[PDB]
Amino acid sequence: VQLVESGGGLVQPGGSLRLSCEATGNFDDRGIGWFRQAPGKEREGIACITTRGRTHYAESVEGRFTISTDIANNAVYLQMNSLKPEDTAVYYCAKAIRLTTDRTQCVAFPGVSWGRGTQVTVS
């Protein structure tokens, strides 16, 4: 894979954490999303940004998380504030699509291969 996560860890409820998604090579395509997978449920798109800068947030993280693109350092950051026990999951970043049908959601680009991830635990 060609995007590597970092920044995860253990935080107390209400605390903060910044995840980063780093490019391993060329960084022309910056349409990138953050996905989390709980150990019980299935992977979910929570924030994405397009190369031109449009963002979308899932309702469960709206107002608390901030996705941004740092072009100089070939990274996409996910600022997480007001963390809570539910936010506990494995967080993955991948090439993404801002998809509008009857609503807007972040979906993974078809056929992406996922990587290690970065673990976030709130308790």
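Residue positions are given as counts along the sequence shown, with the first one as 1.
Per-stretch averaging of Cα B factors for 46 to 54 and 32 to 40 places 32 to 40 on top. The stretch 75 to 83 shows the higher mean C-alpha B-factor when 23 to 31 is compared against 75 to 83 in the entry. Per the deposited record, the Cα B-factor of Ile67 falls in the lowest third when ranked against the other modelled residues of its chain. Sort the modelled residues of the chain by CA B factor and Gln12 lands in the highest third.
The entry lists a Cα temperature factor for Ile97 that places it in the lowest third of the chain's modelled residues. Among all modelled residues in its chain, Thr104 ranks in the lowest third by Cα B-factor.
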